[PDB]
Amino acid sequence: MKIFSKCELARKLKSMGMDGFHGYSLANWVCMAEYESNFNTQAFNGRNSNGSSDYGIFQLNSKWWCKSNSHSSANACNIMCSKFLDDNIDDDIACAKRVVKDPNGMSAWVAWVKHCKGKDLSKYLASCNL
């Protein structure tokens, strides 16, 4: 079990080349995590808008991004959803990079659309050492 703090996640994502990935600033990535899972690596949403489930710190869905025994999936990240429930988030990050390459970009994450896209994030990471 692991629950990141904002700046710690920011440092981790920056080290994995997320700042500016596909044009999305680091603040956008961290804000998405804050609202999707509140930085909890073991976050789990049972019934999403689909009979699917959302897994991990980035709440990746089982109908499109990963495989689960519960039902069929597009499995675009080619991986078992349970791999997104561990303390290490390197796999989650690799999948997140694949997700934003699609047309919707970060709008694939509804919590980001509702709580981050419309916010002024200029000082969101101002208290961090980047």
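For every residue, the number given is its place in the sequence shown, counted from 1.
- On average the C-alpha atoms of 97-105 have higher B-factors than those of the other stretch, with 38-46 and 97-105 being the two compared.
- In this crystal structure, the stretch out of 2-10 and 120-128 whose C-alpha atoms carry the higher mean B factor is 120-128.
- In the PDB entry, the Cα temperature factor peaks, among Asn78, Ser52, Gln59, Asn28, at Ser52.
- Annotation for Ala111: CA B-factor lies in the lowest third of the chain's modelled residues.
- When the CA B factors of the chain's modelled residues are split into thirds, the value for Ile89 lands in the lowest one.
- For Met32, the recorded CA temperature factor ranks within the lowest third of the chain's modelled residues.
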